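*Asks:* Sequence first, structure after; it's an experimental one.
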Amino acid sequence: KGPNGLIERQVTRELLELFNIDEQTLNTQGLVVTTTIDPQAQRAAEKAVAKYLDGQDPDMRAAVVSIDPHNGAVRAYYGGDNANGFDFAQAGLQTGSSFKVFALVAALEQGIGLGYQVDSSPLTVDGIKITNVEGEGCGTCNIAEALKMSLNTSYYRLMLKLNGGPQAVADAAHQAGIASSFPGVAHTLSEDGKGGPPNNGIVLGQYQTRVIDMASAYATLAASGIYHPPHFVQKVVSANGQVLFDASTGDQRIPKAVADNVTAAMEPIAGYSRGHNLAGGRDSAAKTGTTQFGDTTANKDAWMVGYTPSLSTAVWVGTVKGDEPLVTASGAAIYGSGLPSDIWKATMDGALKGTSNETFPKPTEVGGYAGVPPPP
Ligand SMILES: *C(=O)[C@@H](NC(=O)COc1ccccc1)[C@@H]1N[C@@H](C(=O)O)C(C)(C)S1
């Protein structure tokens with residue numbers, strides 16, 4: 001029964017909203033529902049999760065959501081293997097560095113382009129020490145290079161340069177499709193939980209977001225800034241044959257030029273992230289994330305989110321209680337470039353198998369730069 005149970009739960013929820021009925025009224029109707037799920041994508045996601053979590057800690061969990069950027073359709077959805085258990089694709093989770101892309105959106109919207117040079121040295125902000133993993137830096141480098149290398153220090157400085165600071169990062173993320181609320185969280189990306197501003201940790205993905213939100217927001221990027229609400233229901237026909245709903249019969253949230261520049265910055269990242277380029281030379285745009293466990297040196301959540309123009313997939317790996325460092329069976333720390341990228345690549349390759357390779361739209365000038373500056 002498994003992963004399809006969690007899909008069914010989301011379909012039911014959506015039908016309830018669509019028809020404004022309770023579940024008993026729905027169940028007795030005998031509706032014939034066509035979902036958006038693509039079996040080929042779904043099978044690829046399920047296989048990838050099984051493969052990469054095999055032999056790992058039995059407390060390890062994963063979630064995968066794949067969305068069609070053309071229309072918001074949910075093509076693959078793995079929230080867990082228990083139909084009657086917890087849906088990890090709906091859980092509020094810290095995103096870590098995968099959230100940096102929204103700071104880049106915000107920057108580009110203000111005319112700060114990919115070639116903007118930022119210092120990567122360590123700094124302290126609001127009394128919190130900001131550093132990069134293994135003290136990595138670039139001296140001073142552009143914000144496209146700092147995204148690829150995932151420099152915390154550079155992205156903190158970039159956020160502070162924005163008009164609105166962390167609020168501008170929240171605005172961009174919300175505009176991209178990070179939902180404003182979900183169950184658990186009445187006001188997302190809000191320190192006071194009431195709609196007030198986020199604090200500076202937003203750029204390092206310290207707020208809770210769902211895996212579905214990340215897939216959807218990156219879908220907006222994949223669609224050159226056009227947002228479509230995510231949905232699971234394609235068509236509904238009555239038991240006796242009357243069509244009641246058909247999705248086959250968007251909103252420019254982010255400017256095309258901005259979104260296409262963000263894409264350009266993200267293009268090298270699947271490969272940079274321990275060689276997770278998609279099969280058959282297929283281009284992609286991606287971003288990893290890895291959160292800290294407490295104040296320890298170990299990891300808590302690991303992410304890979306990335307897209308082609310035809311599919312946006314978010315993957316999270318963590319543990320069931322979210323209270324233990326995240327490691328492999330051999331003791332190795334799990335980063336975004338590890339198991340989540342293995343799952344992401346396998347899901348993407350599988351879901352897109354048999355389709356021709358797409359190229360991304362050529363970016364036009366934003367902040368004085370069109371695409372990633374060529375290096376010296
Ligand atoms: C974003 O996720 C960044 N993550 C970190 O800096 C992790 O920080 C700590 C983790 C454990 C203990 C102390 C600090 C950068 N992005 C990551 C990614 O997966 O893209 C990274 C590992 C490359 S660093």
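*Replies:* Cool, the structure landed. Residues are numbered from 1 along each chain as shown.
*Asks:* all contacts plus neighbour counts: C-alpha atoms, from now on.
*Replies:* Fine.
*Asks:* Do a quick rundown of the helices in the stretch 201-350 of the chain.
*Replies:* Taking DSSP state H, counting those that start in this stretch as the criterion, the stretch 201-350 of the chain contains helices spanning 211-222, 256-266, 269-272, 339-352.
*Asks:* Show me what the last one is in contact with.
*Replies:* Read that as helix 339-352. When contacts are taken as Cα atoms under 8 Å, 6 or more residues apart in numbering, the neighbours of helix 339-352 outside the stretch itself are 40-42, 44-45, 48-49, 52, 64, 270, 273, 276-279, 288, 302-306, 311, 313-317.
*Asks:* So which bits of the chain are right by the ligand?
*Replies:* Those residues of the chain that sit near the ligand, judged by Cα under 6 Å from any ligand atom, are 96-97, 132-133, 150, 152, 288-292, 296-299, 335-337.
*Asks:* how close does the residue of the chain most remote from its centre get to residue 55?
*Replies:* Relative to the average C-alpha location in the chain, and by Cα atoms, centre = their mean, no residue lies farther out than residue 240, which sits at 39.8 Å. Residue 240 is 48 Å from residue 55, where distance means Cα to Cα, to the nearest Å.
*Asks:* was I right about residue 305 contacting residue 288?
*Replies:* Yes - counting by Cα atoms under 8 Å, residue 305 does reach residue 288; the two are 6.4 Å apart.
*Asks:* joint contacts of these two?
*Replies:* residue 98.
*Asks:* Could you measure from residue 31 over to residue 38?
*Replies:* Distance check for residue 31 against residue 38: by Cα to Cα, it reads 20 Å.
*Asks:* To clarify, my last question referred to residue 336.
*Replies:* Residue 336 sits 25 Å away from residue 38 when distances are taken as Cα to Cα.
*Asks:* So if I had to pick from the two, which one is more boxed in?
*Replies:* residue 336 (27 against 16; other Cα atoms under 10 Å).
*Asks:* Show the contacting residues for that one.
*Replies:* 288, 289, 290, 302, 303, 304.
*Asks:* at 10 Å what do you get?
*Replies:* By Cα atoms under 10 Å, 6 or more residues apart in numbering, the contact set of residue 336 is 96-98, 273-274, 287-291, 299, 301-305, 315-317, 342.
*Asks:* Please list only the buried members of those.
*Replies:* The neighbour-count criterion (16 or more other Cα atoms under 10 Å) marks 96-98, 273, 287-291, 299, 301-305, 315-317, 342 among the contacts of residue 336 as buried.
*Asks:* so of the residues you listed, which ones are in strands?
*Replies:* Helix and strand membership here follows DSSP state E; of the buried ones among the contacts of residue 336, those in strands are 287-291, 299, 301-305, 315-317.
*Asks:* Using CSV, write out every CA atom in stretch 210-217.
*Replies:* Output in CSV follows, covering the C-alpha atoms of stretch 210-217 (Å, rounded to 0.1, in the frame of the first residue of the first chain):
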residue,chain,number,x,y,z
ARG,A,210,8.5,21.5,3.1
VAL,A,211,10.2,19.3,0.4
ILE,A,212,7.1,20.1,-1.8
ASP,A,213,7.6,23.8,-1.4
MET,A,214,11.3,23.5,-2.5
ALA,A,215,10.3,21.5,-5.6
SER,A,216,7.6,24.0,-6.5
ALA,A,217,9.8,27.1,-6.0
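*Asks:* which residue packs closest to the most centrally placed residue in the chain, ignoring adjacent ones?
*Replies:* By Cα atoms, centre = their mean, the chain has its centre lying nearest to residue 214, at 2.7 Å. Nearest residue to residue 214, sequence neighbours excluded (Cα to Cα, 6 or more residues apart in numbering): residue 314, at 6.1 Å.
*Asks:* Contact partners for residue 264?
*Replies:* In this structure, residue 264 makes contact with 114, 144, 258, 284, 285, 360, 361, 362, 363, 370, 371, 372, judged by Cα under 10 Å, 6+ apart.
*Asks:* so which residue of the stretch 1-150 of the chain comes closest to the ligand?
*Replies:* In the stretch 1-150 of the chain, the residue found nearest to the ligand is residue 97; the distance is 3.3 Å by Cα to the nearest ligand atom.
*Asks:* which ones are touching that residue?
*Replies:* Residue 97 makes contact with 147, 150-152, 155, 202-206, 287-291, 302-304, 336, according to Cα under 10 Å, 6+ apart.
*Asks:* switch to 7 Å and redo it
*Replies:* Residue 97 is in contact with 150, 204, 205, 288, 289, 290, counting by Cα atoms under 7 Å, 6 or more residues apart in numbering.
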